[PDB]
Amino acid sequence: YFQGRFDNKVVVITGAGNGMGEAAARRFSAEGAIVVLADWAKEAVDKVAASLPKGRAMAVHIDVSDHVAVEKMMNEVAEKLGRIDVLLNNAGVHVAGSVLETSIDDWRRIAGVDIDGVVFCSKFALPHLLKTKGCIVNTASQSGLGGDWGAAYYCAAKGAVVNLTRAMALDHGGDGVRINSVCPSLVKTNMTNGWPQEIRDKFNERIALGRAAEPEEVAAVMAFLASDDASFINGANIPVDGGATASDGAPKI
């Protein structure tokens, strides 16, 4: 019933090597998209691309924090494939700590990819997206919709992405480029599967669905936000969090 939903659409995915990035690549690919799997590292995106239909997936190296590199990537993709239809700004760096536990370097690391990456990839994709009346889906976070204990820089950066999603949706929605985010809770990885049962129980107590988000469940929302069914959704920061942000913060008794 979703067969062909993204037939011959060009989807650029940044952070394509991470768990949400791979799940996105596979979901959009299954619905007919041509995927561009953009990431810093080579092995993960190459492996995913080689698993997808011949001629329908390509991998690129990018540092999304480098505006010159990003401009050149977006123009080459549009040149090589004739079009860009969807940008998934899914690159992400996290560092744990308060501002007293994290360095200027930690700030530059988080800000460069999590903020600058969204600004640069959106600014340089937009001329292509305007031609196709395509869209942008930002990977924001639960951590951009309110604060965390012990991730101050990360919360600042994801806060920037949530409000930039709003501002850009106002600037470009009326010219036919819808701009939205997904705000996932912590996604099931092995950088989460590796946590002790004490720690994974504390996360699950706070989520009414009582488990972590699967990456496929976040990908499903990204695909929906890029679909014609989302024609009137613009500037939205969609919580994909099992209820996490629906709480006023009071404990579950």
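One-based numbering along the sequence shown.
Here the stretch with the larger average CA B-factor, out of 13-21 and 236-244, is 13-21. Of the two stretches examined, 96-104 and 160-168, the record assigns the greater average C-alpha temperature factor to 96-104. Taking the PDB entry at face value, the top CA B factor among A226, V70, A220, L209 belongs to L209. Per the deposited record, the Cα B-factor of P184 falls in the lowest third when ranked against the other modelled residues of its chain. In the deposited entry, the Cα temperature factor of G146 places it in the lowest third of its chain's modelled residues. Among all modelled residues in its chain, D175 ranks in the middle third by Cα B-factor. Split the chain's modelled residues into thirds by C-alpha temperature factor. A78 is in the highest one.
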